[PDB]
Structure formats: C-alpha cells, structure tokens
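Shown below: input-v7.pdb, with PDB, N, CA and C atoms.
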```
MODEL        1
ATOM      1  N   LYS B 195       0.813  -1.235   0.000
ATOM      2  CA  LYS B 195       0.000   0.000   0.000
ATOM      3  C   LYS B 195       0.840   1.277   0.000
ATOM      4  N   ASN B 196       0.298   2.379  -0.520
ATOM      5  CA  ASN B 196       0.890   3.722  -0.435
ATOM      6  C   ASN B 196       0.126   4.586   0.574
ATOM      7  N   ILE B 197       0.820   5.197   1.536
ATOM      8  CA  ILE B 197       0.266   6.274   2.373
ATOM      9  C   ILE B 197       1.296   7.405   2.476
ATOM     10  N   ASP B 198       0.915   8.625   2.085
ATOM     11  CA  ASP B 198       1.704   9.864   2.223
ATOM     12  C   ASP B 198       3.195   9.713   1.842
ATOM     13  N   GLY B 199       3.452   9.106   0.680
ATOM     14  CA  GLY B 199       4.794   8.898   0.125
ATOM     15  C   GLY B 199       5.549   7.662   0.631
ATOM     16  N   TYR B 200       4.996   6.904   1.582
ATOM     17  CA  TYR B 200       5.553   5.625   2.032
ATOM     18  C   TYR B 200       4.868   4.450   1.340
ATOM     19  N   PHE B 201       5.660   3.565   0.740
ATOM     20  CA  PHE B 201       5.207   2.294   0.193
ATOM     21  C   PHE B 201       5.481   1.180   1.201
ATOM     22  N   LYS B 202       4.415   0.624   1.771
ATOM     23  CA  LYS B 202       4.455  -0.355   2.857
ATOM     24  C   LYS B 202       4.250  -1.749   2.299
ATOM     25  N   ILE B 203       5.106  -2.680   2.700
ATOM     26  CA  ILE B 203       5.007  -4.096   2.360
ATOM     27  C   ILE B 203       4.833  -4.901   3.638
ATOM     28  N   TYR B 204       3.836  -5.775   3.678
ATOM     29  CA  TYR B 204       3.643  -6.797   4.708
ATOM     30  C   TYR B 204       3.720  -8.159   4.044
ATOM     31  N   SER B 205       4.137  -9.214   4.734
ATOM     32  CA  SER B 205       4.097 -10.552   4.151
ATOM     33  C   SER B 205       3.903 -11.673   5.161
ATOM     34  N   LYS B 206       3.580 -12.863   4.655
ATOM     35  CA  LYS B 206       3.602 -14.128   5.391
ATOM     36  C   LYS B 206       3.979 -15.262   4.449
ATOM     37  N   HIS B 207       4.845 -16.176   4.864
ATOM     38  CA  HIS B 207       5.061 -17.456   4.181
ATOM     39  C   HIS B 207       4.492 -18.570   5.067
ATOM     40  N   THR B 208       3.631 -19.429   4.525
ATOM     41  CA  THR B 208       2.957 -20.495   5.286
ATOM     42  C   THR B 208       2.832 -21.780   4.460
ATOM     43  N   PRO B 209       2.977 -22.976   5.054
ATOM     44  CA  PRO B 209       2.750 -24.230   4.343
ATOM     45  C   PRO B 209       1.269 -24.423   3.999
ATOM     46  N   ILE B 210       1.002 -25.119   2.892
ATOM     47  CA  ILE B 210      -0.337 -25.475   2.389
ATOM     48  C   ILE B 210      -0.348 -26.879   1.762
ATOM     49  N   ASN B 211      -1.534 -27.483   1.655
ATOM     50  CA  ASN B 211      -1.773 -28.772   0.989
ATOM     51  C   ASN B 211      -3.048 -28.720   0.119
ATOM     52  N   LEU B 212      -3.207 -27.626  -0.634
ATOM     53  CA  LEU B 212      -4.323 -27.383  -1.548
ATOM     54  C   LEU B 212      -3.829 -26.634  -2.796
ATOM     55  N   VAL B 213      -3.672 -27.348  -3.914
ATOM     56  CA  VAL B 213      -3.238 -26.764  -5.202
ATOM     57  C   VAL B 213      -4.275 -25.797  -5.802
ATOM     58  N   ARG B 214      -5.566 -26.023  -5.517
ATOM     59  CA  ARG B 214      -6.703 -25.413  -6.227
ATOM     60  C   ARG B 214      -7.173 -24.055  -5.679
ATOM     61  N   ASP B 215      -6.770 -23.642  -4.478
ATOM     62  CA  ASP B 215      -7.331 -22.439  -3.842
ATOM     63  C   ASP B 215      -6.463 -21.860  -2.710
ATOM     64  N   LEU B 216      -6.781 -20.637  -2.284
ATOM     65  CA  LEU B 216      -6.329 -20.065  -1.017
ATOM     66  C   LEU B 216      -6.904 -20.857   0.183
ATOM     67  N   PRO B 217      -6.197 -20.960   1.322
ATOM     68  CA  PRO B 217      -6.706 -21.642   2.505
ATOM     69  C   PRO B 217      -7.896 -20.923   3.137
ATOM     70  N   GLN B 218      -8.808 -21.691   3.733
ATOM     71  CA  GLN B 218      -9.994 -21.162   4.412
ATOM     72  C   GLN B 218      -9.711 -20.684   5.849
ATOM     73  N   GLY B 219      -8.584 -21.090   6.442
ATOM     74  CA  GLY B 219      -8.177 -20.698   7.796
ATOM     75  C   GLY B 219      -7.694 -19.247   7.924
ATOM     76  N   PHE B 220      -7.262 -18.866   9.124
ATOM     77  CA  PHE B 220      -6.829 -17.508   9.459
ATOM     78  C   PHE B 220      -5.306 -17.378   9.644
ATOM     79  N   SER B 221      -4.695 -16.350   9.046
ATOM     80  CA  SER B 221      -3.298 -15.957   9.292
ATOM     81  C   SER B 221      -3.084 -14.458   9.038
ATOM     82  N   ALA B 222      -2.231 -13.802   9.836
ATOM     83  CA  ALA B 222      -1.939 -12.370   9.742
ATOM     84  C   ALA B 222      -0.515 -12.099   9.241
ATOM     85  N   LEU B 223      -0.400 -11.265   8.211
ATOM     86  CA  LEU B 223       0.841 -10.809   7.588
ATOM     87  C   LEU B 223       1.542  -9.769   8.465
ATOM     88  N   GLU B 224       2.866  -9.755   8.484
ATOM     89  CA  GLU B 224       3.665  -8.855   9.326
ATOM     90  C   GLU B 224       4.613  -7.988   8.487
ATOM     91  N   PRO B 225       4.914  -6.746   8.901
ATOM     92  CA  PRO B 225       5.594  -5.782   8.042
ATOM     93  C   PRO B 225       7.000  -6.235   7.636
ATOM     94  N   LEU B 226       7.311  -6.177   6.338
ATOM     95  CA  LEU B 226       8.659  -6.392   5.804
ATOM     96  C   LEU B 226       9.473  -5.099   5.774
ATOM     97  N   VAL B 227       8.957  -4.078   5.084
ATOM     98  CA  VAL B 227       9.681  -2.840   4.781
ATOM     99  C   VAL B 227       8.705  -1.693   4.515
ATOM    100  N   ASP B 228       9.167  -0.460   4.676
ATOM    101  CA  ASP B 228       8.352   0.757   4.721
ATOM    102  C   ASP B 228       9.084   1.872   3.952
ATOM    103  N   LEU B 229       9.106   1.745   2.622
ATOM    104  CA  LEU B 229      10.003   2.472   1.720
ATOM    105  C   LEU B 229       9.548   3.932   1.516
ATOM    106  N   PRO B 230      10.387   4.955   1.755
ATOM    107  CA  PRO B 230      10.014   6.377   1.665
ATOM    108  C   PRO B 230      10.061   6.933   0.221
ATOM    109  N   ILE B 231       9.619   6.156  -0.773
ATOM    110  CA  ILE B 231       9.956   6.375  -2.192
ATOM    111  C   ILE B 231       9.249   7.555  -2.876
ATOM    112  N   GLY B 232       8.121   8.050  -2.359
ATOM    113  CA  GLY B 232       7.508   9.304  -2.830
ATOM    114  C   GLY B 232       7.014   9.324  -4.287
ATOM    115  N   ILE B 233       6.844   8.164  -4.929
ATOM    116  CA  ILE B 233       6.268   8.027  -6.281
ATOM    117  C   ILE B 233       4.736   7.931  -6.240
ATOM    118  N   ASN B 234       4.092   8.037  -7.403
ATOM    119  CA  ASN B 234       2.670   7.741  -7.584
ATOM    120  C   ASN B 234       2.500   6.384  -8.281
ATOM    121  N   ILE B 235       1.663   5.503  -7.726
ATOM    122  CA  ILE B 235       1.370   4.173  -8.276
ATOM    123  C   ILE B 235      -0.131   4.048  -8.541
ATOM    124  N   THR B 236      -0.497   3.698  -9.772
ATOM    125  CA  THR B 236      -1.875   3.374 -10.178
ATOM    126  C   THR B 236      -1.975   2.027 -10.894
ATOM    127  N   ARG B 237      -0.849   1.435 -11.305
ATOM    128  CA  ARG B 237      -0.743   0.125 -11.958
ATOM    129  C   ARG B 237       0.457  -0.652 -11.430
ATOM    130  N   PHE B 238       0.444  -1.966 -11.602
ATOM    131  CA  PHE B 238       1.548  -2.849 -11.253
ATOM    132  C   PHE B 238       1.578  -4.100 -12.135
ATOM    133  N   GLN B 239       2.677  -4.842 -12.115
ATOM    134  CA  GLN B 239       2.856  -6.046 -12.923
ATOM    135  C   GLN B 239       3.855  -6.980 -12.243
ATOM    136  N   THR B 240       3.512  -8.246 -12.013
ATOM    137  CA  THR B 240       4.472  -9.199 -11.433
ATOM    138  C   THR B 240       5.612  -9.525 -12.409
ATOM    139  N   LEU B 241       6.770  -9.939 -11.891
ATOM    140  CA  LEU B 241       7.943 -10.381 -12.644
ATOM    141  C   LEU B 241       8.139 -11.891 -12.475
ATOM    142  N   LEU B 242       8.180 -12.606 -13.598
ATOM    143  CA  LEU B 242       8.332 -14.059 -13.656
ATOM    144  C   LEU B 242       9.747 -14.427 -14.120
TER     145      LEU B 242
ATOM    146  N   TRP X 436      17.952  29.310   4.682
ATOM    147  CA  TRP X 436      18.880  30.439   4.742
ATOM    148  C   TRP X 436      19.173  31.047   3.373
ATOM    149  N   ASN X 437      19.451  32.352   3.342
ATOM    150  CA  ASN X 437      19.850  33.022   2.109
ATOM    151  C   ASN X 437      21.241  32.543   1.651
ATOM    152  N   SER X 438      21.423  32.406   0.339
ATOM    153  CA  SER X 438      22.549  31.668  -0.262
ATOM    154  C   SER X 438      23.143  32.380  -1.486
ATOM    155  N   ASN X 439      22.951  33.700  -1.560
ATOM    156  CA  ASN X 439      23.339  34.556  -2.683
ATOM    157  C   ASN X 439      24.847  34.503  -3.005
ATOM    158  N   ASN X 440      25.678  34.204  -2.005
ATOM    159  CA  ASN X 440      27.121  33.990  -2.134
ATOM    160  C   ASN X 440      27.511  32.669  -2.837
ATOM    161  N   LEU X 441      26.600  31.693  -2.935
ATOM    162  CA  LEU X 441      26.841  30.377  -3.544
ATOM    163  C   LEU X 441      26.000  30.148  -4.806
ATOM    164  N   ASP X 442      24.700  30.439  -4.743
ATOM    165  CA  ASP X 442      23.713  29.931  -5.707
ATOM    166  C   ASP X 442      23.230  30.970  -6.740
ATOM    167  N   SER X 443      23.713  32.216  -6.686
ATOM    168  CA  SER X 443      23.525  33.231  -7.742
ATOM    169  C   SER X 443      24.673  33.246  -8.766
ATOM    170  N   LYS X 444      24.413  33.755  -9.981
ATOM    171  CA  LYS X 444      25.420  33.977 -11.051
ATOM    172  C   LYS X 444      25.266  35.345 -11.734
ATOM    173  N   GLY X 447      21.029  35.353 -14.581
ATOM    174  CA  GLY X 447      21.101  34.643 -13.306
ATOM    175  C   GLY X 447      21.464  33.161 -13.431
ATOM    176  N   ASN X 448      21.465  32.447 -12.302
ATOM    177  CA  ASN X 448      21.809  31.022 -12.250
ATOM    178  C   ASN X 448      20.665  30.112 -12.736
ATOM    179  N   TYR X 449      20.398  30.127 -14.042
ATOM    180  CA  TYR X 449      19.330  29.342 -14.676
ATOM    181  C   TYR X 449      19.515  27.813 -14.587
ATOM    182  N   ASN X 450      20.621  27.321 -14.011
ATOM    183  CA  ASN X 450      20.761  25.923 -13.595
ATOM    184  C   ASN X 450      19.797  25.530 -12.453
ATOM    185  N   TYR X 451      19.170  26.491 -11.760
ATOM    186  CA  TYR X 451      18.123  26.227 -10.769
ATOM    187  C   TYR X 451      16.719  26.375 -11.365
ATOM    188  N   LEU X 452      15.920  25.315 -11.220
ATOM    189  CA  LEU X 452      14.633  25.129 -11.891
ATOM    190  C   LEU X 452      13.480  24.877 -10.912
ATOM    191  N   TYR X 453      12.274  25.274 -11.305
ATOM    192  CA  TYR X 453      11.034  25.033 -10.570
ATOM    193  C   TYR X 453       9.881  24.671 -11.520
ATOM    194  N   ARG X 454       8.814  24.079 -10.971
ATOM    195  CA  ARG X 454       7.585  23.707 -11.693
ATOM    196  C   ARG X 454       6.379  24.449 -11.117
ATOM    197  N   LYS X 462       0.656  15.380  -3.986
ATOM    198  CA  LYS X 462       0.574  14.649  -2.716
ATOM    199  C   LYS X 462       1.758  14.976  -1.782
ATOM    200  N   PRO X 463       1.612  14.840  -0.451
ATOM    201  CA  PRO X 463       2.711  15.040   0.490
ATOM    202  C   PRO X 463       3.950  14.197   0.168
ATOM    203  N   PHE X 464       5.132  14.820   0.167
ATOM    204  CA  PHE X 464       6.412  14.199  -0.218
ATOM    205  C   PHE X 464       6.429  13.512  -1.604
ATOM    206  N   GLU X 465       5.560  13.901  -2.541
ATOM    207  CA  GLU X 465       5.622  13.422  -3.926
ATOM    208  C   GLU X 465       6.791  14.054  -4.703
ATOM    209  N   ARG X 466       7.644  13.234  -5.330
ATOM    210  CA  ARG X 466       8.744  13.699  -6.199
ATOM    211  C   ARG X 466       8.265  13.825  -7.646
ATOM    212  N   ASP X 467       7.436  14.829  -7.916
ATOM    213  CA  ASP X 467       6.799  15.061  -9.222
ATOM    214  C   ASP X 467       7.768  15.682 -10.259
ATOM    215  N   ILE X 468       8.787  14.916 -10.677
ATOM    216  CA  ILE X 468       9.930  15.383 -11.488
ATOM    217  C   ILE X 468       9.487  16.091 -12.775
TER     218      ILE X 468
ENDMDL
END
```

Let me see the file written as structure tokens.
Amino acid sequence: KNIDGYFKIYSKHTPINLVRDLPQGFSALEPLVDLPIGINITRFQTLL
Amino acid sequence: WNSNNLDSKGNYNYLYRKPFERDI
C-alpha cells in the first residue's frame, strides 16, 4: 500500500496442501519494509 | 537560509515547476 509517500510491504510465508485455492483458515501478515519512495502508483505487474 | 554567495550567477541551472511526492 501507499500512504503519504511511504510504500508499505507486509508478508507471510505459510505451508499449504491445496493446489486449487487459497486456505480457508486464518493468518496475519507482518511488516517487511516501509520504503520512503515518494512516487505515484496506479498500476503494477508481477515479474516471472 | 539566504545563499546569494553560492547559488547566484542569473543562475538558470536552478529550476522550478501529494505530500512528499517527487513530481519530477
């Protein structure tokens, strides 16, 4: 997310045993980094 | 602070045009 020029990243890595979907259970992501980058973002694209 | 001893010449190398947006 972007708030007032900070780009915030949260994450979680968790084991799964379901190829077909996201898990139905509960888990909370924790902050990775809080970048002061000051850009405008309206689009994005993953890198493979 | 005033900087007329450093940043004047005029010195057209100095240019102008969200919070903390770097709108280059």

Exactly which residues make up the result of the PyMOL selection byres (((chain B and resi 204 and name CA) around 12) and name CA) on this file, given as a list in words?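 So the PyMOL selection byres (((chain B and resi 204 and name CA) around 12) and name CA) ends up selecting residues 195, 201, 202, 203, 205, 206, 207, 222, 223, 224, 225, 226, 227, 228 and 229 of chain B.
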
Rounded to one decimal place, report the atom C of residue 466 in chain X-CA of residue 198 in chain B distance in Å. 12.5 Å

Suppose a student applies the PyMOL selection byres ((chain X and name CA) within 8 of (chain B and name CA)) to this structure; what residues should they get, written as a VMD selection string? chain X and resid 462 to 467

For the atom pair CA of residue 209 in chain B and CA of residue 240 in chain B, what is the interatomic distance in Å to one decimal place?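 Atom-to-atom, CA of residue 209 in chain B and CA of residue 240 in chain B are spaced 21.9 Å apart.
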
Give me, please, the distance in Å between CA of residue 208 in chain B and CA of residue 221 in chain B, quoted to one decimal.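 Straight-line distance from CA of residue 208 in chain B to CA of residue 221 in chain B works out to 8.7 Å.
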
Could you pull out all residues of chain B with a DSSP call of strand (DSSP E or B) and give them as a list in words?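 Checking each residue of chain B, the strand (DSSP E or B) ones are residues 196, 197, 200, 201, 202, 203, 204, 205, 224, 225, 226, 227, 228 and 229 of chain B.
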